[PDB]
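File shown: run.cif (mmCIF, N, CA and C atoms).
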data_structure
loop_
_atom_site.group_PDB
_atom_site.id
_atom_site.type_symbol
_atom_site.label_atom_id
_atom_site.label_comp_id
_atom_site.auth_asym_id
_atom_site.auth_seq_id
_atom_site.Cartn_x
_atom_site.Cartn_y
_atom_site.Cartn_z
ATOM 1 N N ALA A 1 27.099 -55.046 -8.677
ATOM 2 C CA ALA A 1 25.697 -54.540 -8.674
ATOM 3 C C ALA A 1 25.055 -54.807 -7.317
ATOM 4 N N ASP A 2 23.768 -54.989 -7.297
ATOM 5 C CA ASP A 2 23.065 -55.239 -6.009
ATOM 6 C C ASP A 2 22.426 -56.644 -5.972
ATOM 7 N N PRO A 3 23.166 -57.654 -6.353
ATOM 8 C CA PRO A 3 22.663 -59.036 -6.294
ATOM 9 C C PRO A 3 22.724 -59.523 -4.842
ATOM 10 N N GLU A 4 23.160 -58.671 -3.947
ATOM 11 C CA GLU A 4 23.288 -59.070 -2.519
ATOM 12 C C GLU A 4 22.728 -57.983 -1.597
ATOM 13 N N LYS A 5 22.031 -57.021 -2.124
ATOM 14 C CA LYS A 5 21.486 -55.947 -1.253
ATOM 15 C C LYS A 5 20.167 -55.476 -1.840
ATOM 16 N N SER A 6 19.426 -56.386 -2.397
ATOM 17 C CA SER A 6 18.124 -56.010 -3.003
ATOM 18 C C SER A 6 17.007 -56.692 -2.222
ATOM 19 N N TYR A 7 16.129 -55.923 -1.653
ATOM 20 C CA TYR A 7 15.021 -56.526 -0.854
ATOM 21 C C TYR A 7 13.716 -55.746 -1.060
ATOM 22 N N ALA A 8 12.606 -56.441 -1.090
ATOM 23 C CA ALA A 8 11.288 -55.761 -1.256
ATOM 24 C C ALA A 8 10.384 -56.163 -0.099
ATOM 25 N N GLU A 9 9.796 -55.216 0.570
ATOM 26 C CA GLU A 9 8.912 -55.577 1.710
ATOM 27 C C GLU A 9 7.769 -54.573 1.814
ATOM 28 N N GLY A 10 6.603 -55.039 2.156
ATOM 29 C CA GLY A 10 5.451 -54.116 2.273
ATOM 30 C C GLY A 10 4.327 -54.767 3.077
ATOM 31 N N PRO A 11 3.305 -53.989 3.333
ATOM 32 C CA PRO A 11 2.105 -54.465 4.037
ATOM 33 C C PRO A 11 1.219 -55.226 3.041
ATOM 34 N N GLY A 12 1.729 -55.453 1.856
ATOM 35 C CA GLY A 12 0.963 -56.173 0.806
ATOM 36 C C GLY A 12 1.704 -57.460 0.464
ATOM 37 N N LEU A 13 1.025 -58.438 -0.081
ATOM 38 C CA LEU A 13 1.692 -59.730 -0.450
ATOM 39 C C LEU A 13 1.632 -60.704 0.717
ATOM 40 N N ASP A 14 1.204 -60.240 1.849
ATOM 41 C CA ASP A 14 1.079 -61.152 3.017
ATOM 42 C C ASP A 14 -0.030 -62.150 2.713
ATOM 43 N N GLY A 15 -0.856 -61.808 1.767
ATOM 44 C CA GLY A 15 -1.982 -62.707 1.375
ATOM 45 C C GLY A 15 -3.094 -62.669 2.416
ATOM 46 N N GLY A 16 -3.513 -63.822 2.854
ATOM 47 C CA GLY A 16 -4.603 -63.895 3.869
ATOM 48 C C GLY A 16 -5.924 -63.388 3.298
ATOM 49 N N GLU A 17 -5.970 -62.168 2.846
ATOM 50 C CA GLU A 17 -7.256 -61.640 2.321
ATOM 51 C C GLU A 17 -7.088 -61.030 0.932
ATOM 52 N N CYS A 18 -8.068 -61.218 0.100
ATOM 53 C CA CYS A 18 -8.006 -60.644 -1.287
ATOM 54 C C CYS A 18 -8.588 -59.227 -1.282
ATOM 55 N N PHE A 19 -9.389 -58.896 -0.304
ATOM 56 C CA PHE A 19 -9.992 -57.528 -0.281
ATOM 57 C C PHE A 19 -9.075 -56.568 0.457
ATOM 58 N N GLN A 20 -7.867 -56.979 0.680
ATOM 59 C CA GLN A 20 -6.889 -56.084 1.330
ATOM 60 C C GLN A 20 -6.040 -55.511 0.202
ATOM 61 N N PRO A 21 -5.659 -54.278 0.325
ATOM 62 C CA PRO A 21 -4.850 -53.627 -0.709
ATOM 63 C C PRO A 21 -3.457 -54.241 -0.696
ATOM 64 N N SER A 22 -2.954 -54.648 -1.829
ATOM 65 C CA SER A 22 -1.620 -55.279 -1.824
ATOM 66 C C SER A 22 -0.598 -54.294 -2.367
ATOM 67 N N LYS A 23 0.284 -53.823 -1.530
ATOM 68 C CA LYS A 23 1.301 -52.855 -1.996
ATOM 69 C C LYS A 23 2.582 -53.000 -1.177
ATOM 70 N N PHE A 24 3.702 -52.997 -1.836
ATOM 71 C CA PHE A 24 5.009 -53.119 -1.116
ATOM 72 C C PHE A 24 6.031 -52.201 -1.775
ATOM 73 N N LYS A 25 7.071 -51.858 -1.069
ATOM 74 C CA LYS A 25 8.100 -50.968 -1.667
ATOM 75 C C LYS A 25 9.393 -51.763 -1.804
ATOM 76 N N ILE A 26 10.088 -51.596 -2.894
ATOM 77 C CA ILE A 26 11.337 -52.363 -3.090
ATOM 78 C C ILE A 26 12.528 -51.440 -2.881
ATOM 79 N N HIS A 27 13.570 -51.933 -2.282
ATOM 80 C CA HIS A 27 14.763 -51.080 -2.037
ATOM 81 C C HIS A 27 16.024 -51.805 -2.507
ATOM 82 N N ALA A 28 16.673 -51.276 -3.505
ATOM 83 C CA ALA A 28 17.911 -51.930 -4.019
ATOM 84 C C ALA A 28 19.152 -51.170 -3.533
ATOM 85 N N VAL A 29 20.246 -51.857 -3.318
ATOM 86 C CA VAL A 29 21.489 -51.164 -2.872
ATOM 87 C C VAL A 29 22.665 -51.731 -3.664
ATOM 88 N N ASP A 30 23.382 -50.884 -4.329
ATOM 89 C CA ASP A 30 24.543 -51.346 -5.126
ATOM 90 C C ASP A 30 25.821 -50.993 -4.360
ATOM 91 N N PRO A 31 26.947 -51.264 -4.956
ATOM 92 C CA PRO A 31 28.244 -50.983 -4.327
ATOM 93 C C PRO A 31 28.600 -49.492 -4.414
ATOM 94 N N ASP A 32 27.638 -48.619 -4.596
ATOM 95 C CA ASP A 32 27.985 -47.170 -4.669
ATOM 96 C C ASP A 32 27.292 -46.425 -3.528
ATOM 97 N N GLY A 33 26.741 -47.143 -2.588
ATOM 98 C CA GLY A 33 26.023 -46.476 -1.471
ATOM 99 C C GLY A 33 24.739 -45.925 -2.062
ATOM 100 N N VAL A 34 24.204 -46.639 -3.011
ATOM 101 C CA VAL A 34 22.976 -46.182 -3.699
ATOM 102 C C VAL A 34 22.179 -47.402 -4.157
ATOM 103 N N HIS A 35 21.108 -47.193 -4.868
ATOM 104 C CA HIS A 35 20.305 -48.352 -5.346
ATOM 105 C C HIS A 35 20.688 -48.662 -6.796
ATOM 106 N N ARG A 36 21.956 -48.860 -7.041
ATOM 107 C CA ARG A 36 22.428 -49.163 -8.415
ATOM 108 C C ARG A 36 22.170 -47.956 -9.312
ATOM 109 N N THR A 37 22.901 -46.893 -9.111
ATOM 110 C CA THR A 37 22.691 -45.679 -9.952
ATOM 111 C C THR A 37 21.184 -45.435 -10.118
ATOM 112 N N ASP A 38 20.562 -44.763 -9.181
ATOM 113 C CA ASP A 38 19.096 -44.515 -9.291
ATOM 114 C C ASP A 38 18.737 -44.122 -10.724
ATOM 115 N N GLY A 39 17.525 -44.387 -11.128
ATOM 116 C CA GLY A 39 17.106 -44.036 -12.514
ATOM 117 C C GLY A 39 17.461 -45.185 -13.463
ATOM 118 N N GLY A 40 18.597 -45.807 -13.271
ATOM 119 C CA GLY A 40 18.988 -46.931 -14.168
ATOM 120 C C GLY A 40 19.171 -48.208 -13.343
ATOM 121 N N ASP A 41 18.247 -48.502 -12.467
ATOM 122 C CA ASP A 41 18.373 -49.736 -11.639
ATOM 123 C C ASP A 41 17.710 -50.900 -12.371
ATOM 124 N N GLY A 42 18.439 -51.951 -12.636
ATOM 125 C CA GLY A 42 17.827 -53.118 -13.335
ATOM 126 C C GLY A 42 16.833 -53.780 -12.383
ATOM 127 N N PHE A 43 15.840 -53.047 -11.966
ATOM 128 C CA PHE A 43 14.840 -53.600 -11.019
ATOM 129 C C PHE A 43 13.592 -54.039 -11.774
ATOM 130 N N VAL A 44 13.343 -55.311 -11.820
ATOM 131 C CA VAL A 44 12.116 -55.791 -12.503
ATOM 132 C C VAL A 44 11.273 -56.532 -11.468
ATOM 133 N N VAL A 45 10.136 -55.998 -11.142
ATOM 134 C CA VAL A 45 9.264 -56.659 -10.143
ATOM 135 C C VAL A 45 7.949 -57.020 -10.812
ATOM 136 N N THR A 46 7.320 -58.061 -10.365
ATOM 137 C CA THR A 46 6.037 -58.455 -10.990
ATOM 138 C C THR A 46 5.242 -59.355 -10.050
ATOM 139 N N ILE A 47 4.007 -59.016 -9.841
ATOM 140 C CA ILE A 47 3.127 -59.841 -8.982
ATOM 141 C C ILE A 47 1.949 -60.306 -9.808
ATOM 142 N N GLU A 48 1.338 -61.377 -9.420
ATOM 143 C CA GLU A 48 0.149 -61.809 -10.183
ATOM 144 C C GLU A 48 -0.598 -62.919 -9.442
ATOM 145 N N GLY A 49 -1.863 -63.039 -9.735
ATOM 146 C CA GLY A 49 -2.720 -64.072 -9.089
ATOM 147 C C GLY A 49 -3.997 -64.214 -9.922
ATOM 148 N N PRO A 50 -4.967 -64.897 -9.381
ATOM 149 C CA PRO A 50 -6.253 -65.115 -10.065
ATOM 150 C C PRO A 50 -7.113 -63.846 -9.997
ATOM 151 N N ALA A 51 -6.760 -62.832 -10.745
ATOM 152 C CA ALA A 51 -7.556 -61.572 -10.714
ATOM 153 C C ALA A 51 -7.348 -60.796 -12.019
ATOM 154 N N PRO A 52 -8.025 -59.680 -12.131
ATOM 155 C CA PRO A 52 -7.939 -58.812 -13.320
ATOM 156 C C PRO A 52 -6.665 -57.961 -13.265
ATOM 157 N N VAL A 53 -6.498 -57.200 -12.219
ATOM 158 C CA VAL A 53 -5.277 -56.352 -12.096
ATOM 159 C C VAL A 53 -4.185 -57.158 -11.383
ATOM 160 N N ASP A 54 -3.579 -58.102 -12.058
ATOM 161 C CA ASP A 54 -2.536 -58.932 -11.396
ATOM 162 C C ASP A 54 -1.134 -58.310 -11.557
ATOM 163 N N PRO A 55 -0.763 -57.954 -12.767
ATOM 164 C CA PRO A 55 0.561 -57.354 -13.036
ATOM 165 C C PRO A 55 0.554 -55.862 -12.687
ATOM 166 N N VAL A 56 1.127 -55.483 -11.575
ATOM 167 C CA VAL A 56 1.121 -54.052 -11.199
ATOM 168 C C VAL A 56 2.457 -53.650 -10.588
ATOM 169 N N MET A 57 3.335 -53.081 -11.352
ATOM 170 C CA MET A 57 4.630 -52.661 -10.759
ATOM 171 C C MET A 57 5.065 -51.307 -11.324
ATOM 172 N N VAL A 58 5.542 -50.435 -10.467
ATOM 173 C CA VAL A 58 5.967 -49.082 -10.925
ATOM 174 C C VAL A 58 7.315 -48.712 -10.290
ATOM 175 N N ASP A 59 8.054 -47.838 -10.925
ATOM 176 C CA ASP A 59 9.369 -47.411 -10.372
ATOM 177 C C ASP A 59 9.338 -45.897 -10.138
ATOM 178 N N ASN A 60 9.681 -45.451 -8.959
ATOM 179 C CA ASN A 60 9.648 -43.983 -8.685
ATOM 180 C C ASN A 60 10.982 -43.329 -9.063
ATOM 181 N N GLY A 61 12.052 -44.075 -9.115
ATOM 182 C CA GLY A 61 13.352 -43.466 -9.508
ATOM 183 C C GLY A 61 14.102 -42.933 -8.281
ATOM 184 N N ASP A 62 13.817 -43.440 -7.111
ATOM 185 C CA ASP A 62 14.534 -42.957 -5.897
ATOM 186 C C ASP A 62 15.222 -44.142 -5.218
ATOM 187 N N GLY A 63 15.542 -45.162 -5.972
ATOM 188 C CA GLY A 63 16.206 -46.357 -5.375
ATOM 189 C C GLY A 63 15.148 -47.267 -4.746
ATOM 190 N N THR A 64 13.937 -46.783 -4.639
ATOM 191 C CA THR A 64 12.854 -47.603 -4.048
ATOM 192 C C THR A 64 11.690 -47.677 -5.042
ATOM 193 N N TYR A 65 11.228 -48.858 -5.368
ATOM 194 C CA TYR A 65 10.105 -48.969 -6.342
ATOM 195 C C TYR A 65 8.899 -49.607 -5.659
ATOM 196 N N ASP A 66 7.716 -49.388 -6.169
ATOM 197 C CA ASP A 66 6.521 -49.958 -5.497
ATOM 198 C C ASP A 66 5.723 -50.828 -6.457
ATOM 199 N N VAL A 67 5.049 -51.799 -5.923
ATOM 200 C CA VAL A 67 4.225 -52.704 -6.762
ATOM 201 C C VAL A 67 2.887 -52.933 -6.038
ATOM 202 N N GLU A 68 1.778 -53.042 -6.746
ATOM 203 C CA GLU A 68 0.480 -53.222 -6.008
ATOM 204 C C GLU A 68 -0.564 -53.996 -6.814
ATOM 205 N N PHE A 69 -1.128 -55.006 -6.235
ATOM 206 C CA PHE A 69 -2.224 -55.753 -6.928
ATOM 207 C C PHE A 69 -3.384 -55.898 -5.926
ATOM 208 N N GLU A 70 -4.593 -56.077 -6.389
ATOM 209 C CA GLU A 70 -5.734 -56.185 -5.429
ATOM 210 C C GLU A 70 -6.843 -57.086 -6.008
ATOM 211 N N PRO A 71 -6.892 -58.312 -5.539
ATOM 212 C CA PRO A 71 -7.896 -59.307 -5.983
ATOM 213 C C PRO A 71 -9.245 -59.088 -5.274
ATOM 214 N N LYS A 72 -10.276 -59.792 -5.688
ATOM 215 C CA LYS A 72 -11.617 -59.617 -5.034
ATOM 216 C C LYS A 72 -12.262 -60.974 -4.701
ATOM 217 N N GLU A 73 -11.496 -62.027 -4.574
ATOM 218 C CA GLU A 73 -12.105 -63.348 -4.249
ATOM 219 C C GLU A 73 -11.073 -64.204 -3.498
ATOM 220 N N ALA A 74 -11.021 -65.481 -3.769
ATOM 221 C CA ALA A 74 -10.017 -66.356 -3.094
ATOM 222 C C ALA A 74 -8.867 -66.552 -4.069
ATOM 223 N N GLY A 75 -7.663 -66.266 -3.663
ATOM 224 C CA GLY A 75 -6.542 -66.387 -4.630
ATOM 225 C C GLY A 75 -5.193 -66.444 -3.923
ATOM 226 N N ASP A 76 -4.202 -66.920 -4.615
ATOM 227 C CA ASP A 76 -2.838 -66.990 -4.037
ATOM 228 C C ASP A 76 -1.972 -66.025 -4.829
ATOM 229 N N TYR A 77 -0.910 -65.565 -4.252
ATOM 230 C CA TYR A 77 -0.068 -64.575 -4.967
ATOM 231 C C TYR A 77 1.292 -65.145 -5.276
ATOM 232 N N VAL A 78 1.779 -64.831 -6.426
ATOM 233 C CA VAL A 78 3.135 -65.268 -6.801
ATOM 234 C C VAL A 78 3.922 -63.999 -7.049
ATOM 235 N N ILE A 79 5.045 -63.880 -6.419
ATOM 236 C CA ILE A 79 5.828 -62.620 -6.564
ATOM 237 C C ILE A 79 7.044 -62.790 -7.456
ATOM 238 N N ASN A 80 7.496 -61.690 -7.967
ATOM 239 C CA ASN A 80 8.686 -61.681 -8.830
ATOM 240 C C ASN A 80 9.382 -60.334 -8.627
ATOM 241 N N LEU A 81 10.551 -60.359 -8.066
ATOM 242 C CA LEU A 81 11.307 -59.105 -7.810
ATOM 243 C C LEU A 81 12.746 -59.380 -8.197
ATOM 244 N N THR A 82 13.260 -58.669 -9.148
ATOM 245 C CA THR A 82 14.648 -58.973 -9.606
ATOM 246 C C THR A 82 15.499 -57.714 -9.737
ATOM 247 N N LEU A 83 16.731 -57.789 -9.298
ATOM 248 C CA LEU A 83 17.637 -56.599 -9.422
ATOM 249 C C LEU A 83 19.044 -57.057 -9.819
ATOM 250 N N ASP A 84 19.223 -57.430 -11.067
ATOM 251 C CA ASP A 84 20.554 -57.894 -11.589
ATOM 252 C C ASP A 84 20.318 -59.051 -12.554
ATOM 253 N N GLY A 85 19.187 -59.694 -12.432
ATOM 254 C CA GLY A 85 18.883 -60.854 -13.306
ATOM 255 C C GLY A 85 18.418 -62.025 -12.432
ATOM 256 N N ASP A 86 18.318 -61.826 -11.136
ATOM 257 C CA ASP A 86 17.860 -62.924 -10.249
ATOM 258 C C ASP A 86 16.709 -62.385 -9.405
ATOM 259 N N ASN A 87 16.076 -63.199 -8.613
ATOM 260 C CA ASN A 87 14.949 -62.675 -7.797
ATOM 261 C C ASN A 87 15.325 -62.682 -6.317
ATOM 262 N N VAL A 88 14.658 -61.886 -5.524
ATOM 263 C CA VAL A 88 14.989 -61.854 -4.073
ATOM 264 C C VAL A 88 14.613 -63.208 -3.444
ATOM 265 N N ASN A 89 15.015 -63.458 -2.220
ATOM 266 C CA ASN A 89 14.702 -64.780 -1.589
ATOM 267 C C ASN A 89 13.291 -64.792 -0.985
ATOM 268 N N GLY A 90 12.414 -63.969 -1.471
ATOM 269 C CA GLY A 90 11.023 -63.954 -0.922
ATOM 270 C C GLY A 90 10.027 -63.565 -2.021
ATOM 271 N N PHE A 91 10.450 -63.576 -3.257
ATOM 272 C CA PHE A 91 9.542 -63.172 -4.365
ATOM 273 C C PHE A 91 9.070 -64.348 -5.210
ATOM 274 N N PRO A 92 9.933 -65.281 -5.526
ATOM 275 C CA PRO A 92 9.514 -66.436 -6.316
ATOM 276 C C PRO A 92 8.672 -67.349 -5.431
ATOM 277 N N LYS A 93 8.250 -66.843 -4.296
ATOM 278 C CA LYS A 93 7.408 -67.646 -3.392
ATOM 279 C C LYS A 93 5.956 -67.306 -3.681
ATOM 280 N N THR A 94 5.057 -68.048 -3.116
ATOM 281 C CA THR A 94 3.631 -67.782 -3.374
ATOM 282 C C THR A 94 2.888 -67.576 -2.069
ATOM 283 N N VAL A 95 2.189 -66.487 -1.957
ATOM 284 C CA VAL A 95 1.412 -66.256 -0.712
ATOM 285 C C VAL A 95 -0.039 -66.645 -0.998
ATOM 286 N N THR A 96 -0.806 -66.993 0.000
ATOM 287 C CA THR A 96 -2.197 -67.447 -0.293
ATOM 288 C C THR A 96 -3.275 -66.605 0.401
ATOM 289 N N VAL A 97 -4.344 -66.360 -0.313
ATOM 290 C CA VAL A 97 -5.513 -65.619 0.244
ATOM 291 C C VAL A 97 -6.740 -66.530 0.109
ATOM 292 N N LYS A 98 -7.647 -66.462 1.046
ATOM 293 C CA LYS A 98 -8.850 -67.349 0.991
ATOM 294 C C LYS A 98 -9.998 -66.590 0.312
ATOM 295 N N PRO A 99 -11.186 -67.167 0.295
ATOM 296 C CA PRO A 99 -12.331 -66.534 -0.375
ATOM 297 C C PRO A 99 -12.772 -65.288 0.383
ATOM 298 N N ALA A 100 -12.214 -64.174 0.005
ATOM 299 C CA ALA A 100 -12.549 -62.888 0.661
ATOM 300 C C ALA A 100 -14.075 -62.739 0.748
#
Encoded form (structure tokens):
Amino acid sequence: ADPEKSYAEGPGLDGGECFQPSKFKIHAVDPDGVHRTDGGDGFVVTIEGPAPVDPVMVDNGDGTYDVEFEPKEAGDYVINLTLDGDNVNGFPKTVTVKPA
């Protein structure tokens, strides 16, 4: 599968500010020169923090999925991105935002 070629990166999740739009795109790659049979990629991503719209993740079905959350005060972000049953080396981490 893609337990070694799954990465998510975006202009969101950097934290720093809560009034900044948080959105990133995830890209999985399996041993077929694809993102693990597009459409059926075991990609589970999840973000959350001290806000109302914390859990926001969607899949487009093109090997790349997007996730977006947007807080309105001071908060830290905890990420969750998994493609096989484990998380990427930058998702179970927590980013921090100050009092926007």
Exercise for the section: Calculate how many Å separate atom C of residue 20 in chain A from atom C of residue 93 in chain A, rounding to one decimal. Expected result: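 Interatomic distance here is 17.3 Å.
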Exercise for the section: To verify the selection step, state as JSON, numbers by chain which residues the PyMOL selection byres (((chain A and resi 76 and name CA) around 8) and name CA) yields on this input. Expected result: {"A": [15, 49, 50, 74, 75, 77, 78, 94, 95, 96, 97, 98]}
Give me every strand (DSSP E or B) residue in chain A, going by DSSP on the backbone, as an mmCIF file with N, CA and C atoms, keeping the file's coordinate frame.
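Written out: part14.cif:
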data_model
loop_
_atom_site.group_PDB
_atom_site.id
_atom_site.type_symbol
_atom_site.label_atom_id
_atom_site.label_comp_id
_atom_site.auth_asym_id
_atom_site.auth_seq_id
_atom_site.Cartn_x
_atom_site.Cartn_y
_atom_site.Cartn_z
ATOM 1 N N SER A 6 19.426 -56.386 -2.397
ATOM 2 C CA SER A 6 18.124 -56.010 -3.003
ATOM 3 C C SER A 6 17.007 -56.692 -2.222
ATOM 4 N N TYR A 7 16.129 -55.923 -1.653
ATOM 5 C CA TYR A 7 15.021 -56.526 -0.854
ATOM 6 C C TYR A 7 13.716 -55.746 -1.060
ATOM 7 N N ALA A 8 12.606 -56.441 -1.090
ATOM 8 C CA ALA A 8 11.288 -55.761 -1.256
ATOM 9 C C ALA A 8 10.384 -56.163 -0.099
ATOM 10 N N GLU A 9 9.796 -55.216 0.570
ATOM 11 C CA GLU A 9 8.912 -55.577 1.710
ATOM 12 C C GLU A 9 7.769 -54.573 1.814
ATOM 13 N N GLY A 16 -3.513 -63.822 2.854
ATOM 14 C CA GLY A 16 -4.603 -63.895 3.869
ATOM 15 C C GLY A 16 -5.924 -63.388 3.298
ATOM 16 N N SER A 22 -2.954 -54.648 -1.829
ATOM 17 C CA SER A 22 -1.620 -55.279 -1.824
ATOM 18 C C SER A 22 -0.598 -54.294 -2.367
ATOM 19 N N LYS A 23 0.284 -53.823 -1.530
ATOM 20 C CA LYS A 23 1.301 -52.855 -1.996
ATOM 21 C C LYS A 23 2.582 -53.000 -1.177
ATOM 22 N N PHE A 24 3.702 -52.997 -1.836
ATOM 23 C CA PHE A 24 5.009 -53.119 -1.116
ATOM 24 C C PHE A 24 6.031 -52.201 -1.775
ATOM 25 N N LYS A 25 7.071 -51.858 -1.069
ATOM 26 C CA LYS A 25 8.100 -50.968 -1.667
ATOM 27 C C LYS A 25 9.393 -51.763 -1.804
ATOM 28 N N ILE A 26 10.088 -51.596 -2.894
ATOM 29 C CA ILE A 26 11.337 -52.363 -3.090
ATOM 30 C C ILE A 26 12.528 -51.440 -2.881
ATOM 31 N N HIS A 27 13.570 -51.933 -2.282
ATOM 32 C CA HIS A 27 14.763 -51.080 -2.037
ATOM 33 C C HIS A 27 16.024 -51.805 -2.507
ATOM 34 N N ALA A 28 16.673 -51.276 -3.505
ATOM 35 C CA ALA A 28 17.911 -51.930 -4.019
ATOM 36 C C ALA A 28 19.152 -51.170 -3.533
ATOM 37 N N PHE A 43 15.840 -53.047 -11.966
ATOM 38 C CA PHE A 43 14.840 -53.600 -11.019
ATOM 39 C C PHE A 43 13.592 -54.039 -11.774
ATOM 40 N N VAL A 44 13.343 -55.311 -11.820
ATOM 41 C CA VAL A 44 12.116 -55.791 -12.503
ATOM 42 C C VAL A 44 11.273 -56.532 -11.468
ATOM 43 N N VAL A 45 10.136 -55.998 -11.142
ATOM 44 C CA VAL A 45 9.264 -56.659 -10.143
ATOM 45 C C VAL A 45 7.949 -57.020 -10.812
ATOM 46 N N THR A 46 7.320 -58.061 -10.365
ATOM 47 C CA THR A 46 6.037 -58.455 -10.990
ATOM 48 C C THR A 46 5.242 -59.355 -10.050
ATOM 49 N N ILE A 47 4.007 -59.016 -9.841
ATOM 50 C CA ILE A 47 3.127 -59.841 -8.982
ATOM 51 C C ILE A 47 1.949 -60.306 -9.808
ATOM 52 N N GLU A 48 1.338 -61.377 -9.420
ATOM 53 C CA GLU A 48 0.149 -61.809 -10.183
ATOM 54 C C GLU A 48 -0.598 -62.919 -9.442
ATOM 55 N N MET A 57 3.335 -53.081 -11.352
ATOM 56 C CA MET A 57 4.630 -52.661 -10.759
ATOM 57 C C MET A 57 5.065 -51.307 -11.324
ATOM 58 N N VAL A 58 5.542 -50.435 -10.467
ATOM 59 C CA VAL A 58 5.967 -49.082 -10.925
ATOM 60 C C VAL A 58 7.315 -48.712 -10.290
ATOM 61 N N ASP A 59 8.054 -47.838 -10.925
ATOM 62 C CA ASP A 59 9.369 -47.411 -10.372
ATOM 63 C C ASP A 59 9.338 -45.897 -10.138
ATOM 64 N N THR A 64 13.937 -46.783 -4.639
ATOM 65 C CA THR A 64 12.854 -47.603 -4.048
ATOM 66 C C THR A 64 11.690 -47.677 -5.042
ATOM 67 N N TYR A 65 11.228 -48.858 -5.368
ATOM 68 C CA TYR A 65 10.105 -48.969 -6.342
ATOM 69 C C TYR A 65 8.899 -49.607 -5.659
ATOM 70 N N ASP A 66 7.716 -49.388 -6.169
ATOM 71 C CA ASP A 66 6.521 -49.958 -5.497
ATOM 72 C C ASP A 66 5.723 -50.828 -6.457
ATOM 73 N N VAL A 67 5.049 -51.799 -5.923
ATOM 74 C CA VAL A 67 4.225 -52.704 -6.762
ATOM 75 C C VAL A 67 2.887 -52.933 -6.038
ATOM 76 N N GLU A 68 1.778 -53.042 -6.746
ATOM 77 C CA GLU A 68 0.480 -53.222 -6.008
ATOM 78 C C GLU A 68 -0.564 -53.996 -6.814
ATOM 79 N N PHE A 69 -1.128 -55.006 -6.235
ATOM 80 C CA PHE A 69 -2.224 -55.753 -6.928
ATOM 81 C C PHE A 69 -3.384 -55.898 -5.926
ATOM 82 N N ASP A 76 -4.202 -66.920 -4.615
ATOM 83 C CA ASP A 76 -2.838 -66.990 -4.037
ATOM 84 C C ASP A 76 -1.972 -66.025 -4.829
ATOM 85 N N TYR A 77 -0.910 -65.565 -4.252
ATOM 86 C CA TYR A 77 -0.068 -64.575 -4.967
ATOM 87 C C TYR A 77 1.292 -65.145 -5.276
ATOM 88 N N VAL A 78 1.779 -64.831 -6.426
ATOM 89 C CA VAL A 78 3.135 -65.268 -6.801
ATOM 90 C C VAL A 78 3.922 -63.999 -7.049
ATOM 91 N N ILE A 79 5.045 -63.880 -6.419
ATOM 92 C CA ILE A 79 5.828 -62.620 -6.564
ATOM 93 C C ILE A 79 7.044 -62.790 -7.456
ATOM 94 N N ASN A 80 7.496 -61.690 -7.967
ATOM 95 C CA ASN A 80 8.686 -61.681 -8.830
ATOM 96 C C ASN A 80 9.382 -60.334 -8.627
ATOM 97 N N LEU A 81 10.551 -60.359 -8.066
ATOM 98 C CA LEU A 81 11.307 -59.105 -7.810
ATOM 99 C C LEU A 81 12.746 -59.380 -8.197
ATOM 100 N N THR A 82 13.260 -58.669 -9.148
ATOM 101 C CA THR A 82 14.648 -58.973 -9.606
ATOM 102 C C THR A 82 15.499 -57.714 -9.737
ATOM 103 N N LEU A 83 16.731 -57.789 -9.298
ATOM 104 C CA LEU A 83 17.637 -56.599 -9.422
ATOM 105 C C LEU A 83 19.044 -57.057 -9.819
ATOM 106 N N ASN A 87 16.076 -63.199 -8.613
ATOM 107 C CA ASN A 87 14.949 -62.675 -7.797
ATOM 108 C C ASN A 87 15.325 -62.682 -6.317
ATOM 109 N N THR A 94 5.057 -68.048 -3.116
ATOM 110 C CA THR A 94 3.631 -67.782 -3.374
ATOM 111 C C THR A 94 2.888 -67.576 -2.069
ATOM 112 N N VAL A 95 2.189 -66.487 -1.957
ATOM 113 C CA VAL A 95 1.412 -66.256 -0.712
ATOM 114 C C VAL A 95 -0.039 -66.645 -0.998
ATOM 115 N N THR A 96 -0.806 -66.993 0.000
ATOM 116 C CA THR A 96 -2.197 -67.447 -0.293
ATOM 117 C C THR A 96 -3.275 -66.605 0.401
ATOM 118 N N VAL A 97 -4.344 -66.360 -0.313
ATOM 119 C CA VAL A 97 -5.513 -65.619 0.244
ATOM 120 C C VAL A 97 -6.740 -66.530 0.109
#
Practice task
Apply the PyMOL selection byres ((chain A and resi 65) around 7) to the structure shown and report the selected residues as a PyMOL selection string.
Solution key: chain A and resi 24-28+58-64+66-67
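Around the coordinate (21.7, -55.9, -9.6), residues that reach within 6.5 Å when counting all atoms listed in the file are residues 1, 2, 3, 4, 42, 82, 83, 84 and 85 of chain A.
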Kindly compute an axis-aligned box around the listed atoms of range 18-37 of chain A, allowing 6 Å on each side, and express its centre and edge lengths in Å to one decimal as AutoDock Vina command-line options.
--center_x 9.3 --center_y -53.3 --center_z -4.4 --size_x 50.6 --size_y 27.8 --size_z 23.4
Practice task
Quick one: pull the distance between atom C of residue 23 in chain A and atom C of residue 91 in chain A, Å, one decimal.
Solution key: 13.7 Å
Handout entry: From A:13, A:8, A:30, A:41, residue lying nearest residue 89 in chain A [only N, CA and C atoms]
Key =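 Answer, going by the shortest atom-to-atom distance: A:8.
Nearest to residue 9 in chain A of all the residues A:36, A:56, A:31, A:88 is A:88, based on only C-alpha atoms.
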Handout entry: Which of A:68, A:37, A:92, A:29 sits closest to residue 53 in chain A [using only N, CA and C atoms]
Key =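 Between A:68, A:37, A:92, A:29, the residue approaching residue 53 in chain A most closely is A:68.
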Problem - Separation of CA of residue 81 in chain A from atom C of residue 38 in chain A in Å - result: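 These atoms are spaced 17.0 Å apart.
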Handout entry: Shell around residue 100 in chain A at 6.5 Å using all atoms listed in the file, local window under 5 positions removed, as a PyMOL selection string
Key = chain A and resi 17-19+72-75
